[PDB]
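Contents: one structure, followed by commentary.
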């Protein structure tokens with residue numbers, strides 16, 4: 001096919017006839033062998049600064065017509081009724097879509113489901129972004145992204161699996177957290193719901209423990225979502241211990257010379273059961289006692305020594321008075 005002067009159609013708008021030509025595995029004077037032309041088309045396309053490439057032959061003249069990928073003129077956000085146009089700009093930016101660079105109409109789908117994925121990223125779980133171009137003059141294009149935003153979803157039903165001691169519902173009874181949110185405080189992304197869901201899950205435990213069940217684990221908090229992305233389906237997977245009776249408390253560590261007191265603030269009536277809060281209510285009592293004698297930051301941590309054989313727990317509390325400060 002022995003090539004001579006090979007022209008370039010006019011594809012070339014923002015590409016240098018010189019960068020372009022450099023990119024062509026067929027120097028002029030080679031002997032272009034059809035497979036070759038296809039290598040060239042692959043090559044040209046590799047550069048990735050255009051949508052379409054053509055390499056046609058002639059009187060020993062390669063014609064290389066090209067459709068330069070278009071240049072982003074404007075990114076217009078319409079319908080984003082709850083995300084600052086700037087956050088979206090930031091996001092497209094991140095994805096790789098700046099207000100200036102190329103375009104590649106291939107990835108239009110992607111672009112959407114990237115925003116569509118950023119709307120999951122907040123809470124509009126189900127939400128559709130329509131991508132829509134607009135040929136502009138100087139081989140520019142204008143980019144309207146239209147957001148039919150999203151009905152935000154809501155924890156519609158707490159379940160609880162693993163419970164037997166207490167009814168699937170005297171546990172739930174006191175939860176603060178409903179399928180809605182009050183005087184718009186600062187949920188942002190359901191941070192209230194989280195806060196609240198946590199507090200509730202704290203109450204679930206504090207119940208069992210307060211009742212003798214050391215070893216009560218919240219093995220997992222199985223959250224799901226409706227098939228119709230409707231609302232959320234929290235589920236708490238319990239594993240409720242046996243009960244356990246107290247078998248003594250043993251305050252160890254630096255008791256600051258009030259093991260006298262401190263320890264006498266730690267009695268039982270041995271036919272007593274374990275009880276989380278009763279414990280916490282003791283720690284504090286210490287922390288104050290110490291605190292009082294000038295110990296602003298005494299540390300106190302209690303750890304149950306659960307004896308399974310005789311279904312009983314020994315409470316190994318440890319106290320390290322602070323840094324008696326002094327002025």
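Observations, loosely collected:
- Value at 222 nm in deg cm²/dmol, rounded to 500, when DSSP H runs of n ≥ 4 in the chain each add -39,500 (n - 2.57): -8000 deg cm²/dmol
- For the range 244-327, taking Cα atoms only, Rg and Dmax work out to 13.6, 52 Å respectively.
- Label positions at residue 10 and residue 277, each projected 7 Å from the Cα along the C-beta direction, are separated by 8.3 nm.
- In plain terms, the residue of 327, 279, 64, 133 with the fewest other Cβ atoms within 10 Å comes first and the most crowded comes last, giving 327, 133, 279, 64.
- Calculated FRET value between residue 284 and residue 184, using beta carbons and R₀ = 30 Å, to 0.05: 0.30
- Share of Cα-Cα pairs in the range 141-225 lying beyond 17 Å, as whole percent: 58
- Relative to the globular-protein estimate of 2.2 N^0.38 Å, the Cα radius of gyration of the range 57-196 stands at 1.65.
- FRET efficiency for residue 108 and residue 39, using Cβ-Cβ distance with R0 set to 30 Å, rounded to 0.05: 0.60
- Relative contact order (%) - the range 1-69, alpha-carbon pairs under 8 angstrom, separation at least six: 46
- Extension gain (nm, one decimal) between residue 22 and residue 310, 0.36 nm per residue minus Cα-Cα: 95.2 nm
- Sites residue 254 and residue 206 - FRET efficiency at Förster radius 30 Å, r taken between beta-carbons, to 0.05: 0.55
- Here's the picture: a label point sits 7 Å out from the Cα of residue 56 along the beta-carbon direction, and within the range 6-24 the residues with their amide nitrogen under 17 Å of it are 6-12.
- Cα pair distances of the range 50-116 binned at 10 Å [whole percent]: 17, 39, 21, 13, 8, 2, 0
- Put simply, the C-alpha atoms of the chain give a gyration tensor, and the ellipsoid matching it has half-axes of 71, 24, 21 Å, longest first.
- Per residue, the average separation of C-alpha pairs within less than 8 Å and at least 6 apart gives the chain a relative contact order of 11 percent.
Readers should treat all values here as calculations from the given coordinates under stated rules, not as data from a laboratory. Backbone-built Cβ (ideal geometry, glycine too); neighbour counts: all protein chains shown.
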